[PDB]
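J.:
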Ligand SMILES: CC(C)(COP(=O)(O)OP(=O)(O)OC[C@H]1O[C@@H](n2cnc3c(N)ncnc32)[C@H](O)[C@@H]1OP(=O)(O)O)[C@@H](O)C(=O)NCCC(=O)NCCS
Ligand SMILES: CC(=O)N[C@@H](CC(=O)O)C(=O)N[P@@](=O)(OCCCN)OC[C@H]1O[C@@H](n2cnc3c(N)ncnc32)[C@H](O)[C@@H]1O
């Protein structure tokens, strides 16, 4: 499979999902910083990304989790730029289940980048038999994330009451799955 390269997973001509590395810390940090105000509306961690050292620490932990298959954290490269992150936040091997996370900088939204990334990951891990069940959880009022889940052919399974806390406030999540 020529799409599986040493540096990452080639999705298409414009998108590669990069294995984390320290060389990305500066660009990743700058991207998060640029999007902090908007990102704080949908995720709990951006509020606390205050220096490049925070992105270094995130990269170091992500590499440890990747090594041990606890998670799969990938940095989305679109053309020449880091565009965001796509992940299996959790890989449950015993139950062949992966829980998916994602974000894109504002300048990279509206381009199908995360939908293409997710489709590629499901082909690679799902059609190979490693993962049987893929899961997306997202706050009910997160319009774009819900649209992405549906665009990727996931099915709504239910609503998880008060399941995600942002800034001390609990929000309901939709839980979506795609089963192989
Ligand atoms: C959720 C998030 C990743 C969605 O980004 P996105 O760009 O809409 O993601 P997709 O890859 O699904 O792209 C779909 C959009 O691209 C358009 N598009 C353009 N080219 C496309 C292609 N090749 N394929 C599919 N869609 C394409 C679609 O029309 C759609 O745009 P629209 O919203 O104007 O209808 C983004 O809003 C984000 O990062 N938000 C903040 C963080 C966050 O909420 N994360 C998830 C927490 S649950
Ligand atoms: C997104 C989605 O579909 N569902 C939701 C809801 C859910 O699953 O509970 C979700 O996963 N939300 P999320 O904010 O938290 C993940 C932990 C859940 N407890 O992660 C979003 C992205 O941010 C990345 N990410 C996390 N920390 C990061 C950091 N410090 N720097 C850069 N990227 C980071 C991460 O790798 C992922 O790709």
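Residue numbers (PDB author numbering): 4 to 183.
Virtual Cβ for every residue (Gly too), placed ideally from N, Cα, C.
Kindly provide the chain-ordered list of residues whose Cβ lies closer than 7 Å to any non-hydrogen atom of ligand 2.
T.: Working through the chain, the matches are 31, 35, 46, 47, 48, 52, 57, 58, 61, 76, 88, 89, 90, 92, 102, 103, 104, 105, 106, 139, 140, 141, 148, 167, 176.
J.: Buried or exposed: residue 152, going by 16 or more other Cβ atoms within 10 Å of its Cβ?
T.: The residue is buried, with at least 16 neighbouring Cβ atoms inside 10 Å.
J.: Report the three-state DSSP secondary structure of residue 156 (helix, strand or coil).
T.: Residue state, collapsed to three classes: coil.
J.: Quick check on this structure: which residue in 18, 177, 83 has the alpha carbon closest to the alpha carbon of residue 159?
T.: The shortest C-alpha separation from residue 159 is found at 177.
J.: Between residue 113 and ligand 1, is there a pair consisting of the residue's CB and a ligand heavy atom that are separated by less than 7 Å?
T.: Yes, the Cβ of residue 113 comes within 7 Å of a heavy atom of ligand 1.
J.: Excluding five sequence neighbours on each side, which residues of the same chain lie with their C-beta closer than 8 Å to the C-beta of residue 17?
T.: Contacts found: 81, 82.
J.: Using the rule of at least 16 other Cβ atoms within 10 Å of the residue's Cβ for burial, across every protein chain shown, is residue 9 buried or exposed?
T.: Its Cβ having fewer than 16 others within 10 Å, residue 9 is exposed.
J.: Leaving out five residues on either side along the sequence, give the residues of the same chain with a beta carbon under 6 Å from the beta carbon of residue 100.
T.: Closer than 6 Å at the Cβ level, and outside the excluded window around residue 100, lie 136.
J.: So, for residue 38: in the same chain, excluding its five sequence neighbours on each side, which residues have a beta-carbon less than 7 Å away from its beta-carbon?
T.: These residues qualify, in order along the chain: 108, 109.
J.: Tell me which residues share the same chain as residue 92 and place their Cβ nearer than 8 Å to its Cβ, disregarding the 5 neighbours each side in the sequence.
T.: If we look at residue 92 and ignore the five residues flanking it on each side, its Cβ neighbours are 74, 102, 103, 104.
J.: With a floor of 4 residues, list each alpha helix (DSSP H) that falls wholly inside the segment 54 to 125, ordered by position along the chain.
T.: The segment 54 to 125 contains these whole alpha helix (DSSP H) runs: 55 to 70.
J.: Ligand 1 and residue 1: does any heavy atom of the ligand fall closer than 7 Å to the residue's C-beta?
T.: Residue 1 cannot be examined here, being either before or after the span of the chain that is shown, 4 to 183.
J.: Could you give the first and the last residue of the continuous beta strand (DSSP E) run that contains residue 178?
T.: Looking at the DSSP string, the run of the beta strand (DSSP E) that includes residue 178 is 172 to 182.
J.: Below 8 Å between beta carbons: does that hold for residue 29 and residue 62?
T.: Result no, Cβ atoms of residue 29 and residue 62 do not sit closer than 8 Å.
J.: Can you check whether the CB of residue 90 is closer than 8 Å to the CB of residue 79?
T.: No, the pair does not count as a contact, with Cβ atoms beyond the cut-off.
J.: Thinking C-beta only, is residue 85 closer than 8 Å to residue 124?
T.: No, they are not a contact pair.
J.: Might you give, ordered along the chain, the residues of its own chain that have their beta carbon closer than 8 Å to the beta carbon of residue 174, omitting 5 neighbours on each side?
T.: Within the same chain, residue 174 has close Cβ partners 142, 143, 144, 165, 166, 167, 168.
J.: Considering only the alpha carbon of each residue, which of 180, 88, 120 lies closest to residue 27?
T.: Ranking the options by Cα distance to residue 27, first place goes to 88.
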